[PDB]
Amino acid sequence: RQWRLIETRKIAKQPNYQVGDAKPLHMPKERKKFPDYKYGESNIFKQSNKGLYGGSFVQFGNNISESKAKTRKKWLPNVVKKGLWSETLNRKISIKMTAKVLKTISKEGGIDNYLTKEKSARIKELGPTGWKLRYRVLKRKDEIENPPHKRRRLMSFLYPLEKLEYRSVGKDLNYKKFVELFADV
Amino acid sequence: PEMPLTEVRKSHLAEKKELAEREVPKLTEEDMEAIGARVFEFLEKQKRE
Amino acid sequence: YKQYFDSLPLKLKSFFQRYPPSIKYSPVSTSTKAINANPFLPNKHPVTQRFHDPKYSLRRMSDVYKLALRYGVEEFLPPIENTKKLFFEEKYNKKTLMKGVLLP
RNA sequence: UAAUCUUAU
RNA sequence: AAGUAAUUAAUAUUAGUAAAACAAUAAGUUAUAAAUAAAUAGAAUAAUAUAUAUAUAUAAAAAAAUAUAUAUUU
RNA sequence: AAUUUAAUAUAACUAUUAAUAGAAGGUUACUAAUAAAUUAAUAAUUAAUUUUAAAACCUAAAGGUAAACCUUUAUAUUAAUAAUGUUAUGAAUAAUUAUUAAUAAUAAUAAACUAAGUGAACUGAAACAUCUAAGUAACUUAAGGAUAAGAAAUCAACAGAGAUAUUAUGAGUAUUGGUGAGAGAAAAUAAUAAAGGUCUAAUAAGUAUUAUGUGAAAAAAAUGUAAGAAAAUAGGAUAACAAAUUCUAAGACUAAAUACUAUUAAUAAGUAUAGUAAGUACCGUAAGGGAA
Ligand SMILES: [Mg+2]
Ligand SMILES: [Mg+2]
Ligand SMILES: [Mg+2]
Ligand SMILES: [Mg+2]
Ligand SMILES: [Mg+2]
Ligand SMILES: [Mg+2]
Ligand SMILES: [Mg+2]
Ligand SMILES: [Mg+2]
Ligand SMILES: [Mg+2]
Ligand SMILES: [Mg+2]
Ligand SMILES: [Mg+2]
Ligand SMILES: [Mg+2]
Ligand SMILES: [Mg+2]
Ligand SMILES: [Mg+2]
Ligand SMILES: [Mg+2]
């Protein structure tokens, strides 16, 4: 097979922003939660952006009679709503799937496994939703593997002292600001 | 935020690092000389015939 | 000698640079991790146990071999025994005629 | 009936 | 304010070259052999067709058709 | 000293070739200004390079709206001080001014070229229904200075070749068609072209393949539904099978020749009704049409 309707897609190349450079005119309010999906978000069978369609877009072709009188028809995939169990998330995740995709999931032995397969083909035939799911699972796995220590209290201890010092000079200081200051330190 | 690396990807990276760590095959001056001499001999033989 | 070597075609020169003749590369398929792994053969990766495709794909390999033949630098290239390709006079001599030719 | 699906909170 | 242009094919006239022409890097097109659906066939054994070549047919002729031959190849 | 002829301007468009590069409108006003440096050659300078000021309102996307208006309140808080006047008991509570620190904001952005989605009909076939027109027009979406393609699961044929892409021959040949209308390759040889090869993949499975429904007029690679392999001892390629040959799918990157726009130069058996105004006048509710 091929992933033509996926890998054809192109997204505007964001310029790498240095810390000292000037701002863009429209900077967003809330930050980027998820990583950027290489292949954007489908602009044709937008039905499939909400689910795990397995790179199965709608076809259009011809109904043909005994007289060979051609008439345009479309061929939809066998989509199905299906709440499937994630071991990593410890909850079942309900989404639209192609019956094919459900079969693949069953073969691979789980939904998390299906999401996390490292092949490029899989990545292509994950949606934007599928990509987000993968990210959620992978991040959770990483957390499970590696808890922070294998600092917050120190910051909390120092904060009031820092505030007092600021006041003694003359200025007031708030927590959030303190946190912002001492993130990289 | 950058997506984390899955297990297979990490293993591949480790393998690549190990490969890099080994001594790299590099074409020595001596090897080039040996080749060049052989080429010359071949040319001489061609000229003769 | 060095000047003569330099005068060799580009692809051949590049090959010699990146797979030099000091290393005696294997005739048979090997581990992908091995130093003597033949770039023309499909070597097996030891962990996954999957045959990797040759580092030099078959066309490129053939071109390299033809270049070597032209400039008489065959034996410095690693062996093409277990790659099924023969070339020119050796191919002509060693081959069996087709069943159709011998027995119509 | 933890296949599916409809409704209400 | 109305037979124009492009890419092609066939004729004719002239001009260049000519059993060759165009092109010169090779490659190609046309000509130089006529046939036949096609095939491994193809033009005086001692001369004008009464000979020869091909297609049908055949042991080989004859028979229909078209083509080839009477110092210099067209 | 003057006249003529030809060429050149800040001051025409159009076609070609070459080279280079990938770019604000309107509205009406409390009109929407600028300042400098260094280097060059002989203080002012022109030129190059660099810095710097202001710049209203509207042009979907601070929030509205009946474009050039209204409302949000950054000549804002919040805090800390200082000066002032009042209340109640030197300390406390509110208001005004002036410094210091902290908190957010301004989409007018091309068009052509490219890729993807959906996809007509008139028309041709001297009718028309397969076929054609045509994957064209159109609408929709998305990208970049170009995009696309690209280092063979390619071609070929027992001899061999060796990314791409465009053109010439091959060739209107093979091929195909209600065998009608008509449609039509590839190998090979030439140019143009750039260093043109090179790993970035732990070598790829619901994949190849099969059935079935569709699918570039020849030549497939694609695709909905469902069955579904193999390890280089293998796998792809041709009705089929046997031999042979060739290549390695389900992981990737890539200048260059090309397209379009703009600029500059050069050439015009081009334009003065293809020679600069104006998308104005005017027509229409509107999209839109459009003079002299
Ligand atoms: Mg007969
Ligand atoms: Mg706005
Ligand atoms: Mg008609
Ligand atoms: Mg009628
Ligand atoms: Mg068509
Ligand atoms: Mg289209
Ligand atoms: Mg590209
Ligand atoms: Mg052609
Ligand atoms: Mg591969
Ligand atoms: Mg493989
Ligand atoms: Mg099929
Ligand atoms: Mg066509
Ligand atoms: Mg490959
Ligand atoms: Mg690419
Ligand atoms: Mg009116």
# chains A, B, ... in the order shown; residues from 1 in each chain; ligands from 1

call {"tool": "residues_around", "arguments": {"residues": "region 32-40 of chain C", "least_positions_apart": "3", "cutoff": "7 Å", "atoms": "only C-alpha atoms (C1' of nucleotides)", "output": "JSON, numbers by chain"}}
result
{"C": [23, 24, 25, 26, 43, 44, 45, 54, 55, 56, 61, 78, 80, 83]}

call {"tool": "write_last_selection", "arguments": {"atoms": "C-alpha atoms", "output": "mmCIF file, in the first residue's frame"}}
result
data_model
loop_
_atom_site.group_PDB
_atom_site.id
_atom_site.type_symbol
_atom_site.label_atom_id
_atom_site.label_comp_id
_atom_site.auth_asym_id
_atom_site.auth_seq_id
_atom_site.Cartn_x
_atom_site.Cartn_y
_atom_site.Cartn_z
ATOM 1 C CA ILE C 23 39.883 -4.841 5.552
ATOM 2 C CA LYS C 24 39.291 -8.316 4.093
ATOM 3 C CA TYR C 25 35.480 -8.318 3.948
ATOM 4 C CA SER C 26 33.619 -11.627 4.199
ATOM 5 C CA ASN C 43 23.900 -9.104 6.393
ATOM 6 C CA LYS C 44 21.719 -10.282 9.302
ATOM 7 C CA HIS C 45 21.243 -8.012 12.327
ATOM 8 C CA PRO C 54 22.928 -4.580 1.189
ATOM 9 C CA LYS C 55 24.655 -1.262 2.008
ATOM 10 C CA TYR C 56 25.333 -0.905 -1.702
ATOM 11 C CA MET C 61 27.342 -2.507 -6.704
ATOM 12 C CA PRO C 78 35.189 -6.915 -1.549
ATOM 13 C CA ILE C 80 30.857 -10.534 -5.182
ATOM 14 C CA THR C 83 25.804 -11.916 -4.766
#

call {"tool": "residues_near_ligand", "arguments": {"ligand": "ligand 12", "cutoff": "9 Å", "atoms": "only C-alpha atoms (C1' of nucleotides) and all ligand atoms", "output": "number ranges by chain"}}
result
F: 134, 183-184, 216-218

call {"tool": "residues_around", "arguments": {"residues": "residue 1 (chain C)", "least_positions_apart": "2", "cutoff": "8 Å", "atoms": "only C-alpha atoms (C1' of nucleotides)", "output": "PyMOL selection string"}}
result
(chain B and resi 33-37+40) or (chain C and resi 3-5)

call {"tool": "write_last_selection", "arguments": {"atoms": "N, CA, C and O atoms", "output": "compact mmCIF listing (two decimals), in the first residue's frame"}}
result
# COMPACT_ATOMS: atom_id res chain seq x y z
N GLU B 33 48.02 4.00 -2.77
CA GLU B 33 49.25 3.74 -3.53
C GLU B 33 49.23 2.37 -4.21
O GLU B 33 49.59 2.25 -5.38
N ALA B 34 48.82 1.36 -3.45
CA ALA B 34 48.69 -0.02 -3.95
C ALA B 34 47.71 -0.12 -5.11
O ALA B 34 47.99 -0.78 -6.12
N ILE B 35 46.57 0.54 -4.95
CA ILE B 35 45.55 0.64 -6.00
C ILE B 35 46.12 1.31 -7.24
O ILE B 35 46.02 0.79 -8.35
N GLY B 36 46.72 2.48 -7.03
CA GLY B 36 47.29 3.30 -8.11
C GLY B 36 48.36 2.61 -8.93
O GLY B 36 48.42 2.78 -10.15
N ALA B 37 49.21 1.84 -8.25
CA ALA B 37 50.22 1.00 -8.90
C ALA B 37 49.59 -0.06 -9.78
O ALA B 37 50.03 -0.29 -10.90
N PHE B 40 48.11 1.50 -12.88
CA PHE B 40 49.23 1.80 -13.78
C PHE B 40 49.67 0.56 -14.56
O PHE B 40 49.89 0.63 -15.78
N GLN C 3 48.39 9.99 -8.18
CA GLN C 3 47.73 10.73 -9.26
C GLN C 3 46.83 9.84 -10.13
O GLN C 3 45.74 10.26 -10.53
N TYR C 4 47.31 8.63 -10.41
CA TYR C 4 46.54 7.62 -11.15
C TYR C 4 45.29 7.19 -10.41
O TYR C 4 44.22 7.05 -11.00
N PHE C 5 45.46 6.96 -9.11
CA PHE C 5 44.34 6.65 -8.21
C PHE C 5 43.29 7.76 -8.23
O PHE C 5 42.10 7.49 -8.34

call {"tool": "residues_near_ligand", "arguments": {"ligand": "ligand 4", "cutoff": "12 Å", "atoms": "only C-alpha atoms (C1' of nucleotides) and all ligand atoms", "output": "ChimeraX atom specification"}}
result
/F:126-128

call {"tool": "atom_distance", "arguments": {"atom1": "CA of residue 18 (chain A)", "atom2": "CA of residue 178 (chain A)"}}
result
23.2 Å

call {"tool": "select_by_dssp", "arguments": {"residues": "chain B", "states": "alpha helix (DSSP H)", "output": "VMD selection string"}}
result
chain B and resid 7 to 21 29 to 48

call {"tool": "residues_near_ligand", "arguments": {"ligand": "ligand 9", "cutoff": "12 Å", "atoms": "only C-alpha atoms (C1' of nucleotides) and all ligand atoms", "output": "PyMOL selection string"}}
result
(chain C and resi 42+51-58) or (chain F and resi 152-153+199+201+203-204+247-252)

call {"tool": "closest_residue", "arguments": {"among": "C:7, C:60, C:87, C:49", "to": "ligand 10", "atoms": "only C-alpha atoms and all ligand atoms"}}
result
C:49

call {"tool": "decode", "arguments": {"residues": "region 11-24 of chain B", "atoms": "N, CA and C atoms", "output": "compact mmCIF listing (two decimals), in the first residue's frame"}}
result
# COMPACT_ATOMS: atom_id res chain seq x y z
N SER B 11 16.87 1.68 21.58
CA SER B 11 17.79 0.57 21.30
C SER B 11 18.60 0.81 20.02
N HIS B 12 17.92 1.31 18.99
CA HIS B 12 18.54 1.70 17.72
C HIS B 12 19.58 2.80 17.91
N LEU B 13 19.22 3.79 18.72
CA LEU B 13 20.11 4.91 19.05
C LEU B 13 21.37 4.42 19.76
N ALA B 14 21.17 3.55 20.75
CA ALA B 14 22.26 2.91 21.49
C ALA B 14 23.21 2.15 20.58
N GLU B 15 22.63 1.38 19.66
CA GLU B 15 23.39 0.62 18.66
C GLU B 15 24.24 1.53 17.77
N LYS B 16 23.63 2.63 17.33
CA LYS B 16 24.30 3.65 16.52
C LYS B 16 25.48 4.27 17.26
N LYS B 17 25.27 4.56 18.54
CA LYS B 17 26.30 5.11 19.42
C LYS B 17 27.48 4.15 19.58
N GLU B 18 27.15 2.87 19.81
CA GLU B 18 28.15 1.79 19.89
C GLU B 18 28.99 1.68 18.62
N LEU B 19 28.31 1.76 17.48
CA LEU B 19 28.95 1.72 16.15
C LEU B 19 29.93 2.88 15.98
N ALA B 20 29.47 4.08 16.33
CA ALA B 20 30.29 5.29 16.31
C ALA B 20 31.54 5.17 17.18
N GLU B 21 31.36 4.59 18.36
CA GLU B 21 32.44 4.38 19.33
C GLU B 21 33.60 3.54 18.79
N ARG B 22 33.28 2.52 17.99
CA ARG B 22 34.31 1.70 17.33
C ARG B 22 35.20 2.52 16.40
N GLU B 23 36.39 1.98 16.11
CA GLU B 23 37.33 2.62 15.19
C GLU B 23 36.79 2.56 13.75
N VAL B 24 36.77 3.72 13.09
CA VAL B 24 36.16 3.85 11.76
C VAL B 24 37.14 3.34 10.69
